[PDB]
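Trainee:
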Amino acid sequence: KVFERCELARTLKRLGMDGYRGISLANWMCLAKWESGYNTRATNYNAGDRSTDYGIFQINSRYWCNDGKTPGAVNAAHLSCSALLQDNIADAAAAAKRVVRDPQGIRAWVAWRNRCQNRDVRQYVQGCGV
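For reference, each letter of the sequence shown is one residue, going 1 to 130 in the entry's author numbering.
(1) When you compare each of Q58, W109, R113 and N75 to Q86 by their alpha carbons, which one comes out closest?
(2) Among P103, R10, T52 and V125, which one has its Cα closest to the Cα of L84?
(3) Buried or exposed for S36, please, with buried defined as at least 16 other CB atoms from any protein chain shown within 10 angstroms of its CB.
(4) Can you tell me the Cα-Cα spacing of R98 and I106, whole angstroms?
(5) If I measure Cβ to Cβ from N27 and keep anything under 7 Å in the same chain, skipping five residues before and after, which residues do I get?
(6) Roughly how many angstroms separate the alpha carbons of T11 and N66, rounded to a whole number?
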């Protein structure tokens with residue numbers, strides 16, 4: 001499913017993402033925008049290390065979800081990577097929460113550092129009523 005901007009904003013708010021571990025909704029929106037373009041079936045294979053990023057938040061199979069084919073993998077979030085490809089983003093939200101429960105926080109995603117960090121991210125939630 002490809003979410004519309006405001007539709008995603010409200011869904012994430014309802015999931016308790018606004019301010020989770022100090023991360024504003026606008027930041028989670030910025031991350032989703034650049035990681036997947038708000039697309040839940042987005043998958044990206046990393047040939048270099050044989051891991052795959054899954055879903056709207058591009059969650060990595062090496063540490064957060066289990067896909068069985070990733071070398072030296074762990075299942076920190078304790079989920080099947082399949083769960084991060086559903087239209088319902090509840091599991092993706094719970095996984096994203098687990099990722100940021102580590103000291104790096106939102107910085108775990110390098111795309112966040114490149115396009116979101118130290119930027120005016122208000123544009124991601126403007127007009128959405130959140």
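Note that the Cβ used here is the ideal one computed from N, Cα and C, for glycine as well.
Mentor: Quick look at the numbers:
(1) Taking only the C-alpha atoms, the option nearest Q86 is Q58.
(2) When only C-alpha atoms are compared, the closest one is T52.
(3) Burial state of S36 is buried, judged by a 10 Å Cβ sphere holding 16 or more other Cβ atoms.
(4) One Cα belongs to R98, the other to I106, and the distance between them is close to 11 Å.
(5) Taken in chain order, the residues that qualify are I106, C116 and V121.
(6) Straight-line spacing of the CA atoms in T11 and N66 works out to 25 Å.
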